[PDB]
Each structure stands twice: as C-alpha cells, then as structure tokens.
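J.: Chains as they are written, first to last, in the entry's author numbering: chain 2, 1 to 66; chain m, 2 to 117; chain s, 6 to 83; chain F, 6 to 186. Input: one structure, supplied below.
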Amino acid sequence: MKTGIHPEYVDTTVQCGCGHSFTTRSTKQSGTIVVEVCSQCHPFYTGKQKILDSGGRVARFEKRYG
Amino acid sequence: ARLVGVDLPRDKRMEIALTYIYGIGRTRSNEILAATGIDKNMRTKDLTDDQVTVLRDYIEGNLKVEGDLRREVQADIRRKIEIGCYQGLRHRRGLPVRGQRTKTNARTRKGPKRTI
Amino acid sequence: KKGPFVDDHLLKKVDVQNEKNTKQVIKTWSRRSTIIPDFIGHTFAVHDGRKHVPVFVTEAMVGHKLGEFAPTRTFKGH
Amino acid sequence: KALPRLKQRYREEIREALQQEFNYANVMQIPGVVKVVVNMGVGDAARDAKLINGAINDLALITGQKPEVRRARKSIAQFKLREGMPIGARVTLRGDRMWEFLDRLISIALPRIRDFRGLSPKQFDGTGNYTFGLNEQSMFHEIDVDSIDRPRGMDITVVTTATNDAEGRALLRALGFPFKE
RNA sequence: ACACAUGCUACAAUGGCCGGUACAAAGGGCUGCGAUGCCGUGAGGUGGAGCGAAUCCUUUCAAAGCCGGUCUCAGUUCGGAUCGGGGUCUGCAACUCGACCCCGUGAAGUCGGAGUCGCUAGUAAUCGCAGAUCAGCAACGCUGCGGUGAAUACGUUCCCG
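Okay, structure coming up:
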C-alpha cells in the first residue's frame with residue numbers, strides 16, 4: 001500500500017430497517033451506513049410474483065362468470 | 002430521499018414526491034398518503050427513514066411499480082403484436098391504435114417529419 | 006360488462022363442430038365476437054367483404070372480436 | 006479482526022462443502038477468489054478531457070484504492086482515439102480489500118438496483134471467472150446521490166482458481182452471490 | 001411518406017391545485033324530463049315523487065368572481081397528447097369505428113420566420129349555459145343566451161375596394 005494517495009479506510013457499522021446489523025471496513029467518513037436493504041433478497045419473491053402475473057383466459061371467465 | 006427505486010428530489014412535497022415513480026400519479030398519492038399517515042405537506046429533506054419503511058412496504062405490497070409496470074405493459078403490447086390483431090398491425094406500422102384520424106394529424110405516432 | 010354478444014349462428018355452428026370433435030375450415034360472415042373460449046382451435050374463414058382469410062384461434066384470442074384478425078384495408082404508399 | 010467476514014465464513018464453510026461436492030482428493034485444489042478487478046469506462050476521451058479525473062475519483066471511494074489510469078494501446082481512428090489518451094482506469098483488489106469490497110457490495114450494492122432480477126449464471130469465461138455489468142452507478146451508499154451528475158458505469162470481474170466453470174458457479178453460489186435460473 | 005385550411009388546448013404565478021362562498025339569461029321535456037332516498041370513487045345502478053309543465057324536472061340553476069391555504073419559476077404540483085390495465089351506458093351489435101369514468105403512463109410545447117386576420121362599445125377579449133340533428137355520439141362544430149368587461153381613432157400622404 002502506498003501512503004498518502006489512498007483515501008481513508010475506516011470500520012463501519014451497517015444497519016437496515018429491521019435492525020439486521022453488519023460490521024465492515026469501508027471508505028465512509030461517517031463510520032456507519034443507515035441502509036434500507038438487508039440480506040433479504042426480493043428476487044425470490046419478485047420472480048414468483050412475475051411468474052404469477054401471466055394468464056388471462058381465467059380473467060375473461062372472470063368477467064363472465066358462467 | 003430514496004424509495005422503491007426513484008431518487009427523490011431535494012425539496013418537494015410528498016404528494017408530488019410519490020408521483021415521480023412510474024406507478025403513482027396524483028390520486029395514488031392522495032390515497033397512499035391517506036392510508037399510511039404521512040402528511041402530504043412534508044418535504045423530502047424532512048422525510049424519515051421509518052416513513053420510507055412503512056410507505057415503501059405499503060406501495061410495494063399493495064400496488065405495482067417500475068419493473069412490474071414497464072416490462073409489464075411492454076409484455077401486453079408485444080402480446081397483441083404477436084397474435085396478429087389489427088391493433089397489432091397499428092403497432093407494427095407505427096400508426097395510431099384507437100382508429101383515430103390518420104390523414105392529417107396523428108403526428109405524435111409518426112414522429113418527426115419527412116416531407117415529400 | 007353484462008351479457009356479452011355471442012353470434013348465435015356461429016354459436017350453433019361452433020357447438021356442432023366441437024361436439025363431433027370435427028375441425029373444418031369455416032367460411033364465416035361474422036366480424037363481431039370471439040365470445041367463449043369454446044372457440045379455441047377452430048379455424049375461422051373471416052370475411053372482410055371480398056375474400057375469406059383462415060384464422061387459427063388460440064388461447065390469447067379470447068377478448069378480441071373476431072373480424073380483425075383479418076384486416077380490411079390495404080396500404081403500401083409507393 | 007483476524008479474518009474479513011466473507012473470508013470468516015469462506016475459510017471453513019464454503020471450503021468444507023465444496024470438498025463435499027467435488028472430490029478433488031487433494032486439499033488445496035479447491036477454488037477461491039484471486040483478484041477482483043474493476044475495469045472503468047469512459048470512451049469520452051478526445052471528446053472530453055475533464056471526465057477521466059471524474060473516473061479516477063469514481064473508482065476511488067467505491068473502494069479505497071487509487072485507480073491506475075489505463076490508456077490506449079493504439080490510435081484507432083473512428084472512435085476518436087489517440088495513442089496515450091486516458092480511457093478509463095481500473096483497480097485490482099486482492100486480500101482484505103477484496104473481501105471487504107465483496108461482502109459490502111453483496112449486502113449493499115446488489116439489492117438496490119431497480120428491478121434487479123438476478124445475475125446470469127452463463128457469464129463465465131472458459132475458466133471460472135465471472136464478469137457482470139453495472140450500467141448506471143449509485144448502487145453504493147458510499148457515493149452521495151447529489152454529488153453525481155452523469156452516471157459512470159463499470160465492469161466488475163471476479164477471478165477464481167476454478168479450473169472449470171461449474172466450479173465457479175458452485176463457489177459463487179455458495180458464496181453469497183446471486184443468480185437466477 | 002405527405003401539403004393546405006378552419007378551429008380547440010396550451011406553453012404557466014393576472015397561474016395551477018384544495019377548501020369556503022355570491023350573483024344570470026334564455027331555453028328543453030311522453031313510451032319524454034325524471035327528484036328525495038339507497039349502492040358505488042366515479043361514470044352510473046336501483047327506484048319512481050312530480051309534471052304535456054311561469055307550477056314538476058333540467059338541482060334552489062351557472063362558470064369566470066370574491067375570502068383562505070399551498071405551490072416558488074422548474075420542462076415543474078405547467079401541459080395533456082400518447083400508451084397499458086380496469087369499468088359504465090346506448091344499442092341486435094362498440095373489431096375495422098362510440099362517448100363517458102377510474103388508475104397509471106406524462107410526449108411536443110419557453111409566445112412562434114416570411115407573411116397575414118379580426119374588431120371602433122356593452123364591441124374586442126375571456127367565462128360558462130341551452131338548443132336543433134340525435135338510441136348513442138366523433139360537437140372543440142353550428143345556432144342562440146347571458147356574466148365580467150378594455151385600448152385607440154392625430155388624420156387621408158400611402159396599400160385595398
């Protein structure tokens with residue numbers, strides 16, 4: 001590592017809304033990150049919703065209901 | 002502030018700050034801000050991250066947004082352009098779909114002008 | 006949003022077609038309804054006035070009225 | 006902290022389970038991340054002189070390294086190039102910088118991108134290296150979202166000791182990196 | 001793919017949006033106009049008071065106006081085209097081709113080159129209202145009704161008849 005050219009590299013404490021907390025080295029001067037994302041990926045859920053999204057024959061039978 | 006995926010501005014009221022997302026206009030802002038409880042007069046600088054939490058969970062839970070709406074529609078337009086409809090033909094040729102005037106106006110579908 | 010149309014002549018013909026499990030090209034006058042999903046699979050010779058165009062009906066056709074899987078106007082420009 | 010967190014779990018769990026999955030029969034044979042290099046874009050060289058210092062600054066404070074400015078091998082005429090113009094810098098990460106960058110992006114950068122469905126498993130080379138595209142930026146909470154006028158994108162490469170490709174799929178699957186069949 | 005012509009909505013603060021509130025004129029109505037009430041977010045649905053109408057219905061009728069709050073000059077709380085989903089009504093039937101409502105979507109457009117048009121007082125300008133045709137409507141059209149309401153005319157040299 002060279003001395004003076006690299007930015008300061010500090011410990012941090014990352015917190016999400018649910019409180020699931022992370023401790024890392026980082027570049028932030030604040031020493032913390034107040035984030036809205038945790039290790040709760042929505043791809044698993046988003047993908048399911050997207051898969052669920054198609055199919056309209058049923059919807060038509062919906063309007064017509066007999 | 003940050004929300005569902007739209008970067009909120011510096012100084013806007015909440016019933017306008019919610020509007021900058023693809024799924025929300027003015028009326029959805031007047032119904033979302035009535036259901037959740039955030040004052041519509043609140044600026045974006047004065048917004049709370051817990052208000053981002055409750056508001057965010059509400060409007061991803063009970064309403065659809067950017068990716069759903071867009072690759073969402075854009076699956077319905079390509080749906081009617083695959084099956085061979087007449088509105089499919091209008092989306093093919095680049096013409097107005099509602100069967101409206103094509104002789105003089107409907108320049109917003111043909112676009113920029115070439116003159117012969 | 007209540008009782009949708011139905012094309013009663015095509016309705017009588019369609020039922021006969023699917024009871025016997027027979028599929029036949031149909032010269033059809035009707036431009037007005039693809040009413041039930043009972044019409045799925047039947048080939049419709051749609052009549053734009055001048056000739057009959059064969060149209061296969063699949064699951065996505067439900068909710069599009071029958072005539073404009075065949076267009077009535079012709080345009081090229083040059 | 007004796008071990009970075011990703012490496013805290015890597016030094017026991019992913020290695021023991023990856024031996025479970027593949028019977029190399031030899032310790033030591035057992036893939037791990039070598040470097041994480043972060044190529045940088047631009048292509049505005051010749052067209053605009055000022056931005057590349059925007060990219061030097063950009064690579065830095067996403068991770069804390071001074072990106073080394075990498076320039077043109079040759080002047081190729083159509084896309085205005087000139088031998089020796091700066092066209093994007095890159096930063097090579099290895100060790101504590103590699104792992105702290107990885108865990109942070111993993112638990113921070115990947116979830117935020119709008120409509121972030123996943124990452125393709127297909128994007129390997131012949132030998133187990135994974136590269137994917139960050140089109141805009143501001144996936145990172147290190148960059149303040151009003152400091153940032155135009156979006157500077159970047160490639161991020163993970164380079165492993167994976168002699169195959171499903172070796173690297175298996176590592177980067179067990180390591181907390183997303184994918185989507 | 002185009003080019004012309006008459007209109008309408010605009011490009012914002014003399015403005016937009018929310019709340020409160022005051023004032024018209026004329027008209028229209030039988031297999032028509034249809035109230036209170038109830039169901040809807042809203043087009044509307046259910047129901048039929050009462051009227052062939054200075055009586056009943058079109059609500060006691062308006063909108064611009066006034067009082068108040070918010071927005072702070074920005075491609076925006078300007079602008080509504082377009083497009084997606086979801087509906088209602090009319091009709092045997094809304095695909096080619098109806099209007100209206102709801103949710104989203106949110107483009108051009110920063111007062112407009114040469115040229116050119118209208119208007120001399122309740123006029124111009126702007127604001128709603130009704131009617132005929134009509135089951136429904138392409139009505140921003142046409143014919144009318146009223147509301148608020150200016151500037152300028154030195155004068156025949158010049159253009160037009």
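By construction, the Cβ of each residue, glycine as well, lies at the ideal position given by its N, Cα and C atoms.
If you measure beta-carbon to beta-carbon, which residues of the stretch 20-38 of chain 2 are closer than 7 Å to chain m?
T.: From the stretch 20-38 of chain 2, only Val-34 and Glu-36 have a Cβ closer than 7 Å to chain m.
J.: Below 6 Å CB to CB, which residues in the same chain sit around residue 3 (chain F) once its five sequence neighbours on both sides are set aside?
T.: Outside the shown range of chain F (6 to 186) lies residue 3 (chain F), about which nothing can therefore be said.
J.: Could you tell me which uninterrupted alpha helix (DSSP H) segments, each at least 4 residues in length, are contained entirely in the stretch 30-85 of chain m, listed from first to last along the chain?
T.: You should have 50-62 and 67-83.
J.: To the nearest angstrom, how far is the alpha carbon of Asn-44 (chain F) from that of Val-164 (chain F)?
T.: Each residue's Cα considered, the two are about 13 Å apart.
J.: Residues in the stretch 113-141 of chain F with C-beta within 7 Å of chain m's C-beta atoms, listed in sequence order?
T.: Here the close residues are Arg-119 and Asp-120.
J.: Less than 8 Å separating the beta-carbons of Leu-56 (chain m) and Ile-39 (chain m)?
T.: Contact: yes.
J.: Opposite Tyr-135 (chain F) in the DSSP bridges: which residues?
T.: Bridge partners of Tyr-135 (chain F): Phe-129 (chain F) and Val-163 (chain F).
J.: Give me the DSSP bridge partner(s) of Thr-12 (chain 2).
T.: DSSP lists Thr-24 (chain 2) as partners of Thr-12 (chain 2).
J.: Within a Cβ cutoff of 8 Å, which residues of the same chain sit near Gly-89 (chain F), ignoring the five residues on either side of it in sequence?
T.: Result list for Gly-89 (chain F): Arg-76 and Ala-77, in chain order.
J.: Applying the 10 Å Cβ sphere with the 16-neighbour rule, what's the burial state of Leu-8 (chain F)?
T.: Classification for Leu-8 (chain F): exposed.
J.: For the alpha helix (DSSP H) containing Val-19 (chain s), list its first residue and its last residue.
T.: Taken as a continuous stretch (DSSP letters only), the alpha helix (DSSP H) holding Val-19 (chain s) covers 13-24.
J.: Can you round the beta-carbon distance between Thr-68 (chain F) and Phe-106 (chain F) to whole angstroms, since I take them to be within the 8 Å contact cut?
T.: Going by Cβ atoms, the distance from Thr-68 (chain F) to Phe-106 (chain F) rounds to 5 Å, so yes, they are a contact pair.
J.: Could you name the residues of chain m that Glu-73 (chain s) contacts, counting a contact when the two beta carbons are closer than 7 Å?
T.: Those within 7 Å of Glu-73 (chain s) in chain m are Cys-86 and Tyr-87.
J.: With a cut-off of 8 Å, does the C-beta of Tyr-45 (chain 2) fall near any C-beta of chain F?
T.: No - not a single Cβ of chain F is within 8 Å of the one on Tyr-45 (chain 2).
J.: State the beta-bridge partners of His-57 (chain s) as determined by DSSP.
T.: Its beta-bridge partners are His-52 (chain s).
J.: State yes or no: is the C-beta of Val-19 (chain s) within less than 8 Å of the C-beta of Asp-43 (chain s)?
T.: Contact: yes.
J.: In chain 2, which residues lie with their C-beta within 8 Å of the C-beta of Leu-86 (chain F)?
T.: What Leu-86 (chain F) touches in chain 2: nothing, since even the nearest Cβ is about 27 Å away.
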